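Reviewing the structure listed below.
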Amino acid sequence: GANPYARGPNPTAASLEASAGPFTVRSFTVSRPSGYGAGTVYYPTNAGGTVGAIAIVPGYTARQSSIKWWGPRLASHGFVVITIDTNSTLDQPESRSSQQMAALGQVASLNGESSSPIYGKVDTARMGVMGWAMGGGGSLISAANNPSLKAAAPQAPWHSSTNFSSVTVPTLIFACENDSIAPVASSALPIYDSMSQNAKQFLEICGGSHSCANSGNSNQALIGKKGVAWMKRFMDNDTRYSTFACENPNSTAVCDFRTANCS
Ligand SMILES: O=C(O)c1ccc(C(=O)OCCO)cc1
């Protein structure tokens with residue numbers, strides 16, 4: 001009968017483009033990070049059922065600030081989101097992946113901790129990964145190594161190998177047209193093209209620098225719509241979001257759009 005994971009009101013373009021989703025969001029600092037540097041957990045206070053968890057990792061030299069906007073944006077639509085700082089700002093993608101997954105493990109821990117604000121708020125069987133640049137590469141390594149993850153949505157990803165043919169997790173790649181750090185033609189697009197087994201999508205922002213999907217970007221309506229739609233469709237199996245997840249948004253800000261195996 002009903003989808004047990006469906007949360008919130010039926011979506012519209014306006015409701016997904018808005019700065020905030022329907023749920024009230026609170027946050028806390030992780031007291032003793034388990035296998036990573038630091039974290040902030042964002043959660044809905046009024047979701048009305050358990051929700052999936054998403055761990056988000058920054059790029060080389062970067063901190064939570066670069067990725068923080070995703071925390072309230074996703075949590076307000078019905079997700080527990082952990083943004084992390086890595087053990088070193090100079091960690092590489094394999095270490096970033098390990099830390100991302102340690103952060104998901106700690107969110108699953110806190111779901112069982114009676115003192116935690118997220119006590120009983122998480123469905124530990126439904127998880128996703130996001131991250132910027134080397135943290136985006138780390139997200140793809142997380143997905144390759146943990147195929148029970150339900151979704152991945154890295155931004156401006158880089159890894160030393162572009163071969164993610166092993167990934168079976170639904171994966172949305174945000175790319176930045178004018179990226180001079182991890183050029184689209186040598187990084188994000190080859191990564192996208194390597195993936196053969198999954199639902200996948202590629203969304204490149206016109207004129208974007210390497211930071212085009214970071215906190216303070218000028219395309220939060222489109223990027224936030226797509227990220228939330230992808231996570232709802234695939235983490236919650238929520239087919240109310242099938243068209244938002246799969247469509248070409250046919251937007252003036254999009255300079256390359258590709259999708260395959262989307263439903
Ligand atoms: O995480 C990053 O921001 C980061 C991403 C990519 C690189 C790198 O040198 O790629 C070489 C291809 O241009 C370095 C740092």
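Numbers run from 1 along the shown chain.
Every residue, even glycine, has its Cβ placed from backbone N, Cα and C.
What Swiss-Prot records for this protein:
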ACT_SITE  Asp179  active site, charge relay system
ACT_SITE  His210  active site, charge relay system
BINDING   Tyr60, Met134, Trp158  poly(ethylene terephthalate) binding site
DISULFID  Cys176-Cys212  disulfide bond
DISULFID  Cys246-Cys262  disulfide bond
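Annotated features taken from Swiss-Prot, shown on the structure.
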{"residue": "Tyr60", "record": "poly(ethylene terephthalate) binding site", "DSSP class": "coil"}
{"residue": "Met134", "record": "poly(ethylene terephthalate) binding site", "DSSP class": "helix"}
{"residue": "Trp158", "record": "poly(ethylene terephthalate) binding site", "DSSP class": "coil"}
{"residue": "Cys176", "record": "disulfide bond", "DSSP class": "strand"}
{"residue": "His210", "record": "active site, charge relay system", "DSSP class": "coil"}
{"residue": "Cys246", "record": "disulfide bond", "DSSP class": "helix"}
{"residue": "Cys262", "record": "disulfide bond", "DSSP class": "coil"}
Neighbour count check, CB within 10 A, over recorded positions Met134, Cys176, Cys212, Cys246; minimum at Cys246
Could you round the CA separation between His210 (active site, charge relay system) and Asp179 (active site, charge relay system) to a whole angstrom and send it over? 4
In the same chain, outside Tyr60, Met134, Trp158, whose C-beta lies within 8 angstroms of the Cβ mean position for the poly(ethylene terephthalate) site? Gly59, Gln92, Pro93, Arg96, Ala133, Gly135, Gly136, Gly137, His159, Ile181, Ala182
Within 10 Å of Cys212 (disulfide bond), Cα to Cα, which of the recorded positions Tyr60, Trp158, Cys246 are there? none
If you measure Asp179 (active site, charge relay system) to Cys262 (disulfide bond) at Cα, how many Å is it? 26
Sorting the recorded positions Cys176, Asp179, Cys212, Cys246, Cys262 by sequence and keeping only those with a Cβ under 6 Å from ligand 1 gives none
Ten-angstrom check, please: count other Cβ atoms within 10 Å of the Cβ of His210 (active site, charge relay system), all chains counted. 19
